[PDB]
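[1] so I pulled this structure from the PDB, and the sequence comes with it:
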Amino acid sequence: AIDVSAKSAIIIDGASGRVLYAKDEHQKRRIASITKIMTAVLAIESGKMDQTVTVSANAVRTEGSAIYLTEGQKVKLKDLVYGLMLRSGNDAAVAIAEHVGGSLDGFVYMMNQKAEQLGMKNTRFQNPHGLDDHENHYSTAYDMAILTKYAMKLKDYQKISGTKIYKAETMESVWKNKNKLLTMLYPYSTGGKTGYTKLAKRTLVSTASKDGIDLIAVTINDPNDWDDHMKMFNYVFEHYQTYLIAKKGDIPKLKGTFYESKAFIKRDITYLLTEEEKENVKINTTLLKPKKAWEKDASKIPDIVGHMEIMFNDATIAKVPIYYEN
């Protein structure tokens, strides 16, 4: 079984989003610097990554981890985003927020509107860094997995998150990523983001891939997080595989029927499952009843003749149209 030291934890399938393991995954908690994933997403989506940012006095004042920005410094937004993600710079976070959002209040508005759009119903942002300077800055393991799945759609996020070493284009710094999974511990790691405050304790988001299986893990309040992430990924890689549920082309269960060779699906349907889960998958097809008039005239047969529904217990894990060869 999976046993972790985290108060809340989750691991999800990066392809389908399916929850594979969860522990208190909807409990609102302080999250510390994993907040910064949202800050990075908004910077990347802003289209302003090559713009020059002017660092404010407010940005320099920020407590905690820093990249040592100075008041009035001119730094490319991209550099700040690497500093944010690799070094957890809180100064970088405020500079990004003020640049992309106009003000902290503006940026935080943007963060919450993005959370809403993603369905993060148990998440509320009050700042761009995760310092404990407000009430009601929180998220959950489940919501942070949703956010990370979204972030991993962004090629720039993929790149930044997987970067071990970065030379800034506009600052005299080289930064090493603080994600020990990526830099030293776990060969399958593809990225992630750490957090710590006195009240939040250790928080961690990380991603991993092996044999085409992409996974996302979150732990909130976990003194053993590095080990626990590896345990979680290893458990999934050991016990789950991608099964071809239905192959592209014709549909075996329609053998002997009217649709035996002319009905087809346009793509493979694959899914990440344990051996025991795969036993509980059902392929359901609903098809039009062939009409006598179709025998003589193929033109009366629609292009789509039904749908295939893959069921896992009472979850619909896939649904695709069934076509009829023209």
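    All right, it came through fine. Numbering: from 1, shown residues only.

[2] residue 164 contacts residue 180, doesn't it?
    No - contact criterion C-beta atoms under 8 Å: residue 164 and residue 180 do not qualify, at 10.8 Å. C-beta here means a position set from N, CA and C on the backbone, and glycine is covered the same way.

[3] more neighbours: which of those two?
    residue 180 (17 against 12; other C-beta atoms under 10 Å).

[4] figure out the helix or strand that the nearest residue to that one once chain neighbours are set aside lives in.
    Using C-beta to C-beta, 6 or more residues apart in numbering and skipping the chain neighbours, the partner closest in space to residue 180 is residue 226 (5.8 Å). Assigned by DSSP states H and E, residue 226 belongs to helix 225-239.

[5] so residue 307 sits in a helix?
    No - going by DSSP: H, G, I helix; E, B strand; the rest coil, the assignment for residue 307 is strand, not a helix.

[6] wait, it sits on residue 288?
    No - applying C-beta under 8 Å, one finds residue 307 not in contact with residue 288, separated by 10.5 Å.

[7] show me where the stretch 151-300 of the chain has strands.
    Listed in chain order, the strands of the stretch 151-300 of the chain (DSSP state E, counting those that start in this stretch) span residues 165-167, 174-176, 189-197, 201-210, 213-220, 240-246, 249-250, 263-265, 269-274, 281-287.

[8] how does the protein divide up, domain by domain?
    4-239, 240-326 (curated CATH domains).

[9] first-to-last residue distance for the shortest one?
    Think domain 240-326. This stretch, domain 240-326, spans 38 Å end to end (C-alpha to C-alpha, to the nearest Å).

[10] now the longest one
    Its start and end residues considered, domain 4-239 measures 17 Å (C-alpha to C-alpha).

[11] isn't residue 96 up against residue 51?
    No - look at residue 96 against residue 51 with C-beta under 8 Å: they stay out of range, at 10.9 Å.

[12] what residues are up against residue 190?
    Going by C-beta atoms under 8 Å, 6 or more residues apart in numbering, residue 190 touches 158, 161-162, 182, 207-209, 214.

[13] and the nearest residue to it once chain neighbours are set aside, how close does it get to residue 149?
    In space, and not counting its chain neighbours, residue 190 is closest to residue 207: 4.6 Å by C-beta to C-beta, 6+ apart. Distance of residue 207 to residue 149, given as C-beta to C-beta, to the nearest Å: 9 Å.

[14] tell me the residues that contact both of the two, please.
    Common neighbours of residue 207 and residue 149 (C-beta under 8 Å, 6+ apart) are 14, 216.

[15] looking at those two, which is more packed in?
    Shown here are residue 207 and residue 149; by other C-beta under 10 Å, residue 207 has more neighbours (27 against 19).

[16] quick check, the more buried one in contact with residue 215.
    Yes - using C-beta under 8 Å, residue 207 is in contact with residue 215, at 6.9 Å.

[17] quick check: neighbours shared by these two?
    Counting by C-beta under 8 Å, 6+ apart, the residues touching both residue 207 and residue 215 are residue 14.

[18] so who does the residue sitting nearest the centre point of the chain touch?
    What sits nearest the mean C-alpha location of the chain, by C-alpha atoms, centre = their mean, is residue 149, with 1.4 Å. Contacts for residue 149 were tallied using C-beta under 8 Å, 6+ apart; they are 12, 14, 17, 216.
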